[PDB]
Structures are given as structure tokens and as C-alpha cells.
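This is what each chain is made of:
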Amino acid sequence: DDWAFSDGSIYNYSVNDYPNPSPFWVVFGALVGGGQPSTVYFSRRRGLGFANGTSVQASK
Amino acid sequence: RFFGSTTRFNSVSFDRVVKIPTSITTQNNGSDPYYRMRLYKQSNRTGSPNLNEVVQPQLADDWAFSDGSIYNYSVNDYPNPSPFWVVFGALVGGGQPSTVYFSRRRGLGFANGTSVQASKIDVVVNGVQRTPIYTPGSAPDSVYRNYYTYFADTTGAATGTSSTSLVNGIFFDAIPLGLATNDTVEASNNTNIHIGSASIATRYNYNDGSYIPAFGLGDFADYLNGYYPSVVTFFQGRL
């Protein structure tokens, strides 16, 4: 259930090993038990830029 | 262009041949003295993360440059060097894939192909200026996204040890290794020569006499002898 950003390479856990972040690949810490494929759902936050790069009230 | 990673398989003997990422192989200039790389098995420098470069690779931690062919050890066998492939001496035990981390040293050429003092180079990553590292293991060595400076010629390479050391390239081999794949790096020479006396050697911070980075202008204008462009125009959205 643990994930991080990766650059398409495999990450094996170590006390001094860290994944290389990249916005195109996600690396998981371990395989899901049972050996069967599962579904990963991606939900993204999208920016608006209504106020010339500044914030606006949520009611607007 | 400074830090990358790749998957090294450990199943069959041919899996000892590993391709360098394309972003790491660029600007090699036919293996110029500034084309230097160092391999790591971990993302930190703590512990034993070093992958040793040797002539005849023996162990799984020993590597050499290869031309995409397999290398089998012999007392009279040597790998054929090439800047695009890395060959390892043996497979990592367990048969599971591992990660090979590529860290490249990139040359600057600020002084018309000659060296400049290490205090004259300012590196900005993601809009924030970073502190150079001179003595390994010091206080700025444990901070992420910090850099070392070095000099390279046909007789070898030397890493900058002080602010007065003559260096012409940079790399990012700190205790935290490397950068994010989309990190932006801007290395600038802040030497305020051939300019007015009211100028300052600091980056633009809404000041007067600060410097604006010109990416690649020094490859054509001689910033050491003072040869600078004299005619400017605009054409098709290009200066």
C-alpha cells in the first residue's frame, strides 16, 4: 500500500536507498498478496489560475 | 542530465550488460576529459553504496565501459570501452533486479575552455541558489541538491577543494545523491569583469548591477578576453 514517485526504475528497500522522483512513474513497496492483478486509481488536483496566478475565494 | 537510474536484471549472464540512460550520454564530445560518471547502488552515500570502476570487472559491484557486448573475465580479456554501455563483473545474488544510479559530471566552459575559480560559479536549482561543497562530509554535504565543482584536462580530473580552486565543471554527488528528473539547473559565472564598476556579483534579486543568466552565450562570446556581441535584432520570436 506504500507508493512513491519513480523514474521507471525498480526500487528495492534499504535503509539508505531512496527512489528517484519523476512525474510519470509510481513505484510500490511490495507486491499484493495472491499474485493477481489489481487496480490503481489516480486522482489529480488541477490548478485554475483565475486571479493571475493568485488565489480566489472558494465561493467564486 | 545529472542524475538517473536504471534497472539491472540479475537472471542471465547477458543481464550484466546495462545501457546508460540517454540523458546521461549526451554532450560526451567523443569522450572529452569532462565526460565523467560515477555509479552508485543506493541513493545515499551512507554505508557502502559505491560501485567501483575497474579494468577487468570481477564482482557484481565492479563495472567498466562496454560497447553493448558481453564481457567474460579472463587474465587477458578486456572490455571494449564505449560511452553508451556499462558491463558488470557478475550478477547480484538472489536473482532479483536491482537499481543502478548514474551520476554525471558536466563541464561548463565559462572561461573559453579554461578554468575559473570555484567561488565564481553560482548554481541555482528550482529557483533557489545552492551552496557548493568543498570538503566532503562537511555541513553542506548533508543537504540535498548541493553540488561539487571540479576541473578536468587530458591528464586527469581534480575536484575543487576550496573557493579559490580552478574548476570548470559541476556534479551533484552529495550525501543525498542527485536530482529529480525534472529539476532545473542553472550554473552561472558571476565574474563582474568587462562591465561597469556599479555592478555586483550576485544574481538578479530586483537589484542594480546583478547578472541575468544567458544559457550558452559563453560558447560564442569570449567572457575571458572580453569579446561580446555588438548587434542585436529580433526575428520570428528569436533574439
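Here we summarise the structure given alongside this text.

Rules and cut-offs
Residues numbered from 1 in each chain as written, not as in the entry; some residues may be left out. Chains lettered and ligands numbered in written order. Part of a larger assembly, values for the part shown. Heavy atoms only, no water. Helix = DSSP H or I, 4+ residues; strand = E, 2+ residues; numbered from the N terminus. Buried < 20%, exposed > 50% of the residue type's maximum accessible area, 1.4 Å probe, protein only. Contact = heavy atoms within 4.5 Å. Areas by Shrake-Rupley, 256 points an atom, 1.4 Å probe, with all protein chains shown as cover. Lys, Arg positive; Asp, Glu negative; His and termini not counted. Charge placed at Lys NZ, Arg CZ, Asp CG, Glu CD. Rg over C-alpha atoms; globule rule 2.2 N^0.38 Å. 1 Å grid on protein atoms, 1.4 Å probe; cavity = no way out; pocket = protein on both sides within 12 Å on 5 of 7 lines; lining within 4 Å. Points joined across faces, edges and corners; volume = space filled by probe spheres on them. Nonpolar A, V, L, I, M, F, W, Y, C, P; charged D, E, K, R; others polar. Salt bridge = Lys/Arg side-chain N within 4 Å of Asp/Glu carboxyl O.

## Looking at the overall build of chain B
If you tally the helices and strands in chain B, you get one helix and 16 strands. On the principal axes, the C-alpha backbone points of chain B span a range of 65 × 40 × 35 Å. Per-residue burial over chain B gives 39% buried out of 239 residues. For chain B, long-range pairs separated by at least 24 residues make up 63% of all intrachain contacts whose partners lie at least 6 apart in sequence. In the form shown here, chain B has an accessible surface area of approximately 12,900 Å², with 53% of it arising from carbon and sulfur atoms. Averaging the coordinates of the 16 positive side-chain charges in chain B and doing the same for the 16 negative ones gives two points 4 Å apart.

## Examining the overall build of chain A
What chain A contains, in helices and strands, is zero helices and two strands. For 60 residues, the compact-globule estimate of 2.2 N^0.38 gives 10 Å, and chain A exceeds it by more than 25% at 17 Å. For the C-alpha atoms alone, the extent of chain A along its principal axes is close to 50 × 30 × 20 Å. Counting across all 60 residues of chain A, residues that qualify as buried make up 15%. In chain A, the proportion of contacts linking residues at least 24 apart, taken out of those at least 6 apart, comes to 15%. Per element, the accessible surface of chain A, about 5,600 Å² overall, is 54% carbon and sulfur. For chain A, the distance from the average site of its 4 positive side-chain charges to the average site of its 4 negative ones is 26 Å.

## Section: empty space enclosed by the protein
On inspection of all chains with the given rule, the structure shows one cavity of 30 Å³ or more. Of the voids in this model, the largest cavity is the one considered here, and its volume is about 30 Å³. Forming the boundary of the largest cavity are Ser6, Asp7, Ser9, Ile10, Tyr11, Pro19 and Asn20 of chain A together with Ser5, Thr99 and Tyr101 of chain B. Residues belonging to the lining of the largest cavity are distributed by class as follows: four nonpolar, five polar and one charged.

## Considerations on the pattern of salt bridges
When their charged atoms lie close together, side chains carrying opposite charge are able to pair. Residue and element names in this part refer to chain B. Tallied over the entire structure, the rule returns four salt bridges over all chains. Notably, a salt bridge pairs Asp141 with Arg45, separated by 2.8 Å at the nearest N-O pair. Of the two residues, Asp141 sits in the loop between β11 (132–133) and β12 (147–153) while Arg45 sits in the loop between β3 (36–40) and β4 (50–53), which places them 96 residues apart along the sequence. Accessibility expressed as a relative area gives 0% for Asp141, which makes it buried. Note that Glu186 and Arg203 form a salt bridge whose closest N and O atoms lie 2.8 Å from each other.

## Focus on the layout of surface pockets
All names here are of chain B. Space inside the largest pocket adds up to approximately 1,200 Å³. Taken together, 43 residues line the largest pocket, and the ones lying closest to its centre are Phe110, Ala187, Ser188, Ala214 and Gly216. Mapped by element, the contributors of at least two residues to the lining of the largest pocket are β7 (98–107) and β16 (185–189). Here the element with the most residues in the lining of the largest pocket is β16; it accounts for five residues. Here the lining of the largest pocket is built from residues that sort into 19 nonpolar, 18 polar and six charged.

Read these as layout, nothing more, since geometry by itself doesn't imply function.
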